Each structure stands twice: as C-alpha cells, then as structure tokens.
Amino acid sequence: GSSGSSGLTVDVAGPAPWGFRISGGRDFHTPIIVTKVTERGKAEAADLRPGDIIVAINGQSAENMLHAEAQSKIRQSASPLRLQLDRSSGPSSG
C-alpha cells in the first residue's frame, strides 16, 4: 500500500551540542534549514543533513520559529531530540 505523509522525523543524540547548524527562521521569514552537519557527530548519527527543512521541533511546528527560537528550543531539547524534517523530493533524469 502506498502512502504520502510528506515529512520524516529524526532522533538526534545528546546531550548538546548536536553538531549541526541552521538558517532562516520566522525572523528571516524563512524555514529552519540546516547549513552544516558536523560529521561523525550526533546529528549525522541520527539522520540530520544540511538543507533539511525543519518542520517542527520535538513535535512543535517550526514554521514560525525565530532563528533564536529554534536555537533555544533545540538547545533546551533533551535527548533524544526529535526533529521533523520536510523531505519532498521528486525523481528526475536527463
């Protein structure tokens, strides 16, 4: 059976740091996207990659999260740290 859902979650390890960065945010009126992802770190360990659009944080929408909000919330996020990533890619060839 097929399914949509659209959006996957991740379980980062802790405690902090995580080993990943972010960008945008309600402040920049942009989605919380990962900029860097410390290798052999915690994030990577789970399944966090650079570019992943953080939909929520531990189950809390991140659509309207300030660069300082997501940063704080996250920082103040026990382990594991659940993060809903919005993965909507399509197949292409040429």
# chains A, B, ... in the order shown; residues from 1 in each chain; ligands from 1
>>> select_by_dssp(residues="segment 32-76 of chain A", states="alpha helix (DSSP H)", output="tab-separated table (two decimals) with C-alpha atoms, in the first residue's frame")
chain	number	residue	atom	x	y	z
A	43	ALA	CA	23.03	14.76	14.17
A	44	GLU	CA	24.60	12.77	11.36
A	45	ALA	CA	24.43	9.81	13.70
A	46	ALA	CA	20.65	10.07	13.68
A	67	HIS	CA	16.49	31.83	14.45
A	68	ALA	CA	16.80	32.34	18.19
A	69	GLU	CA	13.65	30.39	18.95
A	70	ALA	CA	14.58	27.20	17.15
A	71	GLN	CA	18.09	27.63	18.52
A	72	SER	CA	16.82	27.91	22.07
A	73	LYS	CA	14.07	25.32	21.84
A	74	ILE	CA	16.58	22.92	20.35
A	75	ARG	CA	19.31	23.78	22.82
>>> select_by_dssp(residues="chain A", states="strand (DSSP E or B)", output="VMD selection string")
chain A and resid 8 to 12 20 23 to 25 30 to 33 37 53 to 57 60 to 61 81 to 86
>>> atom_distance(atom1="atom CA of residue 88 of chain A", atom2="atom CA of residue 66 of chain A")
22.8 Å
>>> residues_around(residues="segment 1-8 of chain A", least_positions_apart="2", cutoff="6 Å", atoms="only C-alpha atoms", output="JSON, numbers by chain")
{"A": [84, 85, 86, 87]}
>>> write_last_selection(atoms="N, CA, C and O atoms", output="JSON list (two decimals), in the first residue's frame")
[["chain", "number", "residue", "atom", "x", "y", "z"],
["A", 84, "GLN", "N", 11.28, 17.09, 13.11],
["A", 84, "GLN", "CA", 10.52, 16.74, 11.92],
["A", 84, "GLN", "C", 11.08, 17.50, 10.71],
["A", 84, "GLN", "O", 11.00, 18.73, 10.65],
["A", 85, "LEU", "N", 11.62, 16.74, 9.77],
["A", 85, "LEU", "CA", 12.19, 17.32, 8.57],
["A", 85, "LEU", "C", 11.20, 17.15, 7.41],
["A", 85, "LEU", "O", 10.55, 16.11, 7.30],
["A", 86, "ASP", "N", 11.12, 18.17, 6.58],
["A", 86, "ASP", "CA", 10.23, 18.15, 5.43],
["A", 86, "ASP", "C", 11.01, 17.74, 4.19],
["A", 86, "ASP", "O", 11.73, 18.55, 3.60],
["A", 87, "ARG", "N", 10.86, 16.47, 3.82],
["A", 87, "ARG", "CA", 11.55, 15.94, 2.65],
["A", 87, "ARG", "C", 10.55, 15.69, 1.52],
["A", 87, "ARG", "O", 9.79, 14.72, 1.56]]
>>> residues_around(residues="segment 49-52 of chain A", least_positions_apart="3", cutoff="6 Å", atoms="only C-alpha atoms", output="ChimeraX atom specification")
/A:33-37,85
>>> write_last_selection(atoms="N, CA, C and O atoms", output="PDB file, in the first residue's frame")
ATOM      1  N   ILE A  33      16.400  25.765   7.979  1.00  0.00           N
ATOM      2  CA  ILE A  33      17.157  24.825   7.169  1.00  0.00           C
ATOM      3  C   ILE A  33      18.552  24.648   7.772  1.00  0.00           C
ATOM      4  O   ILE A  33      19.112  25.587   8.338  1.00  0.00           O
ATOM      5  N   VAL A  34      19.074  23.439   7.631  1.00  0.00           N
ATOM      6  CA  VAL A  34      20.393  23.127   8.154  1.00  0.00           C
ATOM      7  C   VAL A  34      21.457  23.626   7.175  1.00  0.00           C
ATOM      8  O   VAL A  34      21.339  23.425   5.968  1.00  0.00           O
ATOM      9  N   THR A  35      22.473  24.269   7.732  1.00  0.00           N
ATOM     10  CA  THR A  35      23.557  24.800   6.924  1.00  0.00           C
ATOM     11  C   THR A  35      24.729  23.817   6.892  1.00  0.00           C
ATOM     12  O   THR A  35      25.220  23.465   5.820  1.00  0.00           O
ATOM     13  N   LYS A  36      25.145  23.402   8.080  1.00  0.00           N
ATOM     14  CA  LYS A  36      26.250  22.467   8.202  1.00  0.00           C
ATOM     15  C   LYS A  36      25.816  21.282   9.065  1.00  0.00           C
ATOM     16  O   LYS A  36      24.837  21.372   9.804  1.00  0.00           O
ATOM     17  N   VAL A  37      26.566  20.196   8.945  1.00  0.00           N
ATOM     18  CA  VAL A  37      26.272  18.994   9.706  1.00  0.00           C
ATOM     19  C   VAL A  37      27.583  18.321  10.118  1.00  0.00           C
ATOM     20  O   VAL A  37      28.180  17.586   9.334  1.00  0.00           O
ATOM     21  N   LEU A  85      11.622  16.738   9.772  1.00  0.00           N
ATOM     22  CA  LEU A  85      12.186  17.322   8.567  1.00  0.00           C
ATOM     23  C   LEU A  85      11.199  17.146   7.411  1.00  0.00           C
ATOM     24  O   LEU A  85      10.545  16.111   7.300  1.00  0.00           O
TER      25      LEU A  85
END
>>> atom_distance(atom1="atom CA of residue 9 of chain A", atom2="atom CA of residue 24 of chain A")
19.5 Å
>>> atom_distance(atom1="atom CA of residue 59 of chain A", atom2="atom CA of residue 81 of chain A")
9.7 Å
>>> closest_residue(among="A:13, A:83, A:23, A:91", to="residue 61 of chain A", atoms="only C-alpha atoms")
A:83
>>> closest_residue(among="A:77, A:93, A:58, A:64", to="residue 30 of chain A", atoms="only C-alpha atoms")
A:64
>>> closest_residue(among="A:47, A:19, A:82, A:90", to="residue 60 of chain A", atoms="only C-alpha atoms")
A:82
>>> closest_residue(among="A:32, A:94, A:89, A:42", to="residue 12 of chain A", atoms="only C-alpha atoms")
A:42
